[PDB]
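A structural walkthrough
This is what each chain is made of:
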Amino acid sequence: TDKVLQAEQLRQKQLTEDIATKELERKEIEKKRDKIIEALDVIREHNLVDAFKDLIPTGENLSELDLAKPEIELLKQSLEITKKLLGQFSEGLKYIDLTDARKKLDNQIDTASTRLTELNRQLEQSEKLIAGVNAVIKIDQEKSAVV
Amino acid sequence: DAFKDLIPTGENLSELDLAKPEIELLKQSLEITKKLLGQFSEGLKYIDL
Amino acid sequence: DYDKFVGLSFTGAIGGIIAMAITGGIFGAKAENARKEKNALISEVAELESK
């Protein structure tokens, strides 16, 4: 019984250390997402109005001469329109990529939490084990007292 | 300050009295819409916060 | 995140023709799907509070 006692005590000690280690791991994963949320926040600078607030300054001009560039001036117009559009696209793609990274690290957090739950259930099982062992040892002491 | 935005978009630098009756007014109206939509998006962020 | 998701999905929408196409196809559906799943999670944690 005492060998079982010490073996299960060392066992649940290793289990507790490993659970704390996994908690440190998932906390570090939660530290990792800080760069992702800050990156997609500092990219988040345009919302539903700023598209028009890009459509207007590309509609702006500096020099005008009323003839001989009906569409030659419009070349720069259309090309800067496509500039602002494709500037929204690639940043949108990077947004997609970092949200997929968010889903990936959240999957990591979820799997770590399931490991936490299962190992804590095993830890409580070993609590029941070692509690009954300590109880019957205390009984044995009280048994010797009644002896 | 809405009027103090309506006036400097009404400002100008170069004038020539002909040949841009409305061509000058293009920049006028577009900067009006700039200041309006600058008030909108910040108003939306105000709503959000 | 979801409020930022619908914001960025709508910006990816309102750009142009194929922008509307690809972004309203993908995240126009993903907004509704992640929102319904998210509100199901809202209901689950509310029931855990209720439990």
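My aim in this report is to walk through the structure given alongside it, one point at a time. (Residues numbered from 1 in each chain as written, not as in the entry; some residues may be left out. Chains lettered and ligands numbered in written order. Part of a larger assembly, values for the part shown. Heavy atoms only, no water.)

Thoughts on the interface of chain A and chain B
Across the contact, 13 residues belong to chain A and 14 residues belong to chain B. Here chain A and chain B share an interface that buries about 1100 Å² over both sides, 64% of which is from carbon and sulfur atoms. Across the contact surface, chain A and chain B share two salt bridges. Where chain A touches chain B, the interface holds three residue pairs in polar contact. (Contact = heavy atoms within 4.5 Å. Buried area = accessible area lost by both parts, 1.4 Å probe. Salt bridge = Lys/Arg side-chain N within 4 Å of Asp/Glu carboxyl O. Polar contact = N/O pair within 3.5 Å; in protein donor to acceptor, adjacent residues only side chain to side chain.)

Description of the packing of aromatic side chains
Using the criterion set out here, one finds one aromatic pair over all chains in the structure. Summarising the aromatic geometry, the rings of A:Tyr95 and C:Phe5 are spaced 6.3 Å apart at their centres and angled 80 degrees between planes, so their arrangement reads as edge-to-face. Of the two residues, A:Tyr95 is situated in helix α3 (residues 72-146) and C:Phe5 in helix α1 (residues 2-14); the pairing between them involves two chains. Residue A:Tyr95 is classed as buried on the basis of its relative accessible area, which comes to 6%. (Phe/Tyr/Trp six-rings, centres within 6.5 Å; stacked < 30°, edge-to-face > 60°. Helix = DSSP H or I, 4+ residues; strand = E, 2+ residues; numbered from the N terminus. Buried < 20%, exposed > 50% of the residue type's maximum accessible area, 1.4 Å probe, protein only.)

Topic: the packing of α1(C) against helix α2 (residues 17-50) of chain C
Residues and elements named next belong to chain C. Two elements in contact, α1 and α2, have axes separated by 8 Å at closest approach and are oriented at 165 degrees. It follows from the interaxial angle that α1 and α2 lie roughly antiparallel. Relative to α2, the crossing made by α1 is left-handed. Between α1 and α2, the residues in contact are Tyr2, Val6, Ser9, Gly12, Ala13 and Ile14 and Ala19, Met20, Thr23, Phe27, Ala31, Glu32, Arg35 and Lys38, respectively. (Axes fitted to C-alpha atoms, helices over the stretch in contact; angles between N-to-C directions. Parallel < 35°, antiparallel > 145°, perpendicular 65-115°, else oblique. Left-handed = near helix turned anticlockwise from the far one by under 90°.)

Description of α2(C)
With 34 residues, α2(C) extends 47 Å between its outermost C-alpha atoms, agreeing within 8% with the 50 Å of an ideal straight helix rising 1.5 Å per residue. At C:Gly24, α2(C) is deflected by roughly 40 degrees, the largest bend along its length. On its buried face, α2(C) sits against α3 of chain A together with α1 of chain C. (Expected span 1.5 Å × (residues − 1). Bend = angle between axes of the 7 residues up to and from the residue.)

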